[PDB]
C-alpha cells in the first residue's frame, strides 16, 4: 500500500532535513574553536612575557629599598 | 516511487553516518584544543597571581622609599545515535570548562587593569622624587 | 592558627589611631593589617567547613579594606564572602554581592558589574523567589552588556528576562522582548538557526488577545517550507492558532501531544501551553 | 558628584601654567588630574544613559591624556569613547576609532590596531553604509592579521572582503580572494571541512566571464564520491555549469530548487544564484 | 656553564652573611640568588633529561626560595619539581606535590590547590594504587571545586570518587554519590544528556540490595523512548532487573551480550556486571 | 621619523662607552637605546611593506639586546623578526626562530620553546623541504611537551614525526612511534576513538616484513563487533592481510576501492597502500 | 515508521546541544578578545613601570 510506504518516506526526508542542518553547527563550531585558539595564543603569550618583564621590575624595586 | 524514496532518504542517512562521524572527529579537536586552552590558562592565572603580589610589594616599597537493508540502515543510524555518546563527552566537560575559565578570565582582566592603575600612580609619585 | 585569636587581634588593631598612637600619621598601615588578619581567619573557617563564620569574616576584612581606600581588592573580597555564604547555610549571599556591584558600578567597571549582576538575579530567583527584583536585574544587566555592544551576552540575559516574564503572566511584555532579541539576531547569520525558537515563544505568549498578533507573528516569520529547523517553530504554531481561535481543548492538547514526539517539550513550553489550554476551557466551560 | 561641575573643574585645571601659578615646574599631574575628572563625568553620563554626553566627555579626557605623555591608556579611552558613540545616538564613533588606531599603530601595536580596524569596517557598513571604504579596511586589517601569522582572523576578514565584494559587482576580485583564502586553508587539515564552501562561492562568482572560469575551477577541486561533505559544494556546481552553457533558465532554476532540499540556501547564495539566473534569461531575450 | 659548578656556588652563597660581608643588611637577595642558581642547574638537567638531578635541584631552589619568604613563587617551583620527578626516574613526585598543596592551601589559593589535588589522587591511583587515599583526595578536592561554584570540575571529581568507590565494594556509597551529582545536575539543562549514565551506574551499583532500589531509581528516571538518549541508560537496566528477579543467569548474560552491541561496555561496567552475574548464581543455589 | 636615520643613530650609539662618554657609569643604558631605535625603525619598515628591512632591523635590535643581558625581550624580538621574514621575500625566517629557541631553551622556557619548535619544523618542511631536520624538531619538541605533561601537543607532534617518517621509508620506526603514541592515548578516554587509526597506520606500515607483523598488530587491537568506530580500522586491515598472504593484488586493489567509500583514503594512506600494492605484484612476477 | 520516528527526533535532540555549543563557544571569543585589549594595555604600562622603578633605583640606592 502506497499510503503506508509514502508515509515512511515523508518521515525519513523530514528526518534527513533536521539532520544536515544540525551537522552544519558542528562544522561552524570547529571553525570557531579554531579562530579562538589562535587568538588565545597571542593572549597568553603577551601575558606570560608581561609577567617576565614585571618579574624583573619587582626584583629591582625590592633591591632598591635595601 | 517507493524504492526511490526508501533509498534516497537512506542514501542520505549513509551520507549522514559519516557526517556526524566527520563532525565527531572535528569535535574531538575541540576536545583536545579546549583542553590545551585550559592548560595554557592555568599558567596565565599563575602569572596573574604573580603580578598581583609583586605589585603589592612594589607599591609598599615605594612608600618605604618616599620617606538486511533496514538492518544495516539501522546500524548506520545507530552509529549516528551512538556518536551522541561522544557528542556528550564534549559539550559537557568543555561546556563547564567554559564557565570555570570565563569566571576566571574576568578576575584576570580586573587585576590586569588594577595593576596598570597602581603603576601610573607609583610612577607619578616617583617622578616628583627622581634624580 | 586560631581564628578567634586573629579575629580578636584584628579587632584591637582595626581602629583609627588617636593620642600618642596617632602622633603624626596613622590609618591605612593598620587597617590593612587587620584586613589580612580577618582574611587569614576566614580562610581557616573555610577549611574547617564552617563557611558562615568564614563569610562573616570576609565581610569584616572587606569592610575594613574599604576603610583604607582600595575599593578593587575590596569588592573582590565581597565576592569571596558571597561564594562563602552561597555555599554556606545562612543568607547574606545577596548582600555581599550587592556590596560588590555598588563598587564595580560606581568604579566604572560595568562589564563585571553585569557579570555578577546576572549571578545576583540568578540567586534572587532560585532562592529568594523574588522574581520582580530578579527580572529588574537580568534587565539592567542586559542593558549593560548591550552598552558594551556584547550582543550575545545581552541576549542571554534578555532570554532570561522574557522567559521569566511570561511566567509572571507578563505575556505581552515578553513577546516584545522576543521581538527585539529577534531583530538583533538576524544581523548575524551565526544565529539563523536560533531565530526560530524566538518566534515560537513570542507567538505562544498571549496577553489574552482575542485573535492574531500571533497569527500576525507567524506571518512575519520567513520560512522556507522545504526547511528543516523551522519545522520546530511555526508549522506547529499555525495548528495551535487554529485550535485557539476555535474553542477546542482537544485539537490543541492533541497537537501538543504529537509535537511532544518529534521535539520534546521543556518545562517552560509546557507551563505556557497549559495556560493556553486553560484559557480555552475557561472560554468553553463558561 | 555632578558631571557639569566636574567638567568645569577639569577645564579650570587643564591649562599650561606660567607666572605665579607655575612657580618653577609645570605639572603633568594637572593635565592628568583633569583627565580623571572628565573620565569621572563620562562615567555618570553613561550611567544615566546620556551617551552623547559620555562620549564627548571621554574625548576630552582622552585628548588631555595625550597632552600628558600617556598614549596607551589614552587610546584605550578613545576606545571607550567609540564604544559610547557606537551605542549612542550621534556619530563620532568613526573619528574616535580612527584616533585610536593612529595610536595603536604608531605605538607598535598592530594586533590591537586590527582588532579595532575590523570593528571600524563593520561600522562603516552596518551603519554609515559605505562598503567602498569598509572593504578597504577589512583588507588592510586582514593584512595586519596575516603579519601576526594569525591565519584565522586574517581569513575572517578576507571572507568579509570577498563576501561584500561579490555584492558590489566585484565578482572576479571575489574569486581571487576565495582562491587565496582557499590555498592558505588546505595547509591546515583543520579547515578541510569548510574548504568546500570556498570553492562553491568562487565558482559561483562570475566576472561576466563568458567561459568555464568555474568549470575549470570545479574540476580543480578534489571531490570524492564517498566524501559526503563534498556533495554539498561542486556536485551542484557542475549541474549549474551545464545549465548556463545551454542558456536553459529552467534546468538551473530547477537544480537550485532541488539543491534547496539537501542543503539550505542562505541569503548570499540566493542573491548570486538569481544574478546568474538573470545572466541566463538575459542571454536568451537579449 | 656546568651544573656542578652552579650547585656548588649556590651553596657558597646560601648562607647568612657575617662580619664586613654582612655589613648592615645581608638581605634575602643572596638566598634568592642561590635560588636562581639551582634553578639554572635544574634547567640544564631537565634539558639533558636527567630529570632526577633536575627535580632534586628544583627542590633545593624551592626550599631556599622559602628561606626568602615568597611562598607563592616557591610552591610553583615545588610544582616544577613535581613535574620533574613525576615524568622522571625516582619517586618524590608525591612529596613535592604535598609540599605544594600545603602552601597553596595555607596561602588561601584553593582554586589551584584542587588543581594539583586531583593530579595527586591521579598519581596515587595510576601509580601507587593507593585507592583509599586517592578517593580522599578526589573528594576533598571536589569539595573545593564545589566551593568555587565551579560545578564542572566538582563533578569531574565526584565521578572519580564514586567510580572508584564501586571498585572498593562501596556500592551504596557510590549510588548516593550518583544521586547527589545527579540532583545537582538536573538544575542545569546543560547536563540533561549525561544525566542518563548516572542513573545507569547508580542502578547498576548494588550494595547487595534485594528490594527494587534499582527499579525505584529507574522509575525516578523520567524516560520516554521518544527521548531516545535514554535507550543508552535504563532500557537495559529494566531487562537486567528482570533477569535478576527471575534468577536467570542466562538472560542477564544475554542482555549484557546484546547491550554490548548498541552501547559498548567499558572496564567499569564489565567488572560490575560480572559481580551482579554472580549475585544471581549465588541466589540460584538459595 | 625616518627609519634610515634611526638605523644610523642607533649604530652611532651601540658601542661600549669609554673616556668622557662613559663618565662614571654606562653600558646597558646605552645599548638599550639603540635597541628601541632599531625596533622603532623595524616598525615603520613593516609599515612601508618593506618587511625584509623590518626583519633585518629587528635582527639588529635583537642582537644588540643580547649585548645588554636581557635574553627574554630579545628572543621575543627574534620571533618578531621571524614573523617579518616569513611574510616577506628574503630568508632567515628559519635563522631567527633558531636564534629564538636557543634562548627560550637555555632560559628554561621549554613550553614556549616547543611552541615555536613546532612552527620551525613546520616551516622547514612546507618551505625548505628539509624533512630530515623537520622530523628531528617535531620529535624533540614532542619530548618537551611530554615533559610539561602536555600529552596533547606531545602526541600532535609525534603524529607529525611518524607521519612523515613513513614517507622517508622509515616504516618500522613509524610503527614504533604509533605504538608509543598509542600506549599513551588509552589512558585518556578523550582519545579512544582516534586510537583506531593509529593501529591502522601501524598495521599498514611495513618495514619489508614478509611475516604477519601486521596480523599480530591487528590482533593486539581491541575490538568487539558492533563498534561504530572500529569499523574504520582493522576490519579492512584483515582483508588486506589476506589479500597479501595469497599474492592476490586484485582483491587488495578492490578492497581499497570499496573501503575508499565508507572512509575516504587521505594522501598518506594512498601512498602507503600503493607501496603495498607493489610488493604483491613484485612477489608474483618474481 | 517504527525505527523511523525512533531515529527521527534522536537527532532533533542533538540539534539542541549544538545550539548551546555554538553560543557558549562564541561568547568566550568576545570575552577573550576583551582580555587581549587589557592584558596588553597592562604590560604597555609595565614598560613605564620598569623604567620608572629604575629611576627610583638611581635616587635611593
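General observations
The first chain written gets the first letter, and so on, giving A, B, C, D, E, F and G; residue counts start at 1 in each chain.
The rule is short, and it goes like this: a contact is a pair of C-beta atoms (placed from the backbone, for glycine too) under 8 Å apart; a residue touches a chain by one contact, two chains touch by 3 or more.
Hopping across touching chains, the smallest step count from chain C to chain G is 1. Central chain (C-alpha centroid nearest the global protein C-alpha centroid): B.
Mean C-alpha positions place chain F and chain G at a centre distance of 27 Å.
Averaged Cα coordinates give chain A a centre that lies 23 Å from the centre of chain F.
Look at where the CA atoms of chain A average out and do the same for chain G: the two points lie 9 Å apart.
The distance from the centre of chain D to the centre of chain E, each centre being the mean of the chain's C-alpha atoms, comes to 45 Å. Shared interface positions of chain E, i.e. residues touching 2 or more other chains, are given as 148, 190, 193, 226-229, 262. Within chain A, residues 8, 12-16, 18-21, 25-30, 33-37, 39-43, 47-50, 53-54, 56-57, 61-65 each touch two or more of the remaining chains. Shared contact sites, meaning residues of chain B that touch two or more other chains, fall at 12-13, 16, 18-19, 26, 29, 36, 43, 50, 58, 62, 65, 78, 81-82, 84, 91, 95, 103, 106, 109, 115-116, 120.
The list of touching chain pairs reads A-B, A-C, A-D, A-E, A-F, A-G, B-C, B-D, B-E, B-F, B-G, C-D, C-E, C-G, D-F, D-G, E-F, E-G.
Across the complex, chain E is touched by residues 5-7, 9-10, 13, 17, 20 of chain G. On chain A, the positions that touch chain B within their shared complex are 2, 5-6, 8-9, 12-13, 15-16, 19-20, 23, 26-27, 29-30, 33-34, 36-37, 40-41, 43-44, 47-48, 50-51, 54-55, 57-58, 61-62, 64-65.
Considering their complex, residues 103, 106-107, 109-110, 114 of chain B touch chain C. Residues of chain C touching chain G in their complex: 111, 150, 152-153, 156, 190, 193-194, 229, 232, 261-264. Residues of chain A touching chain F in their complex: 41, 45, 48-49, 52-53, 56.
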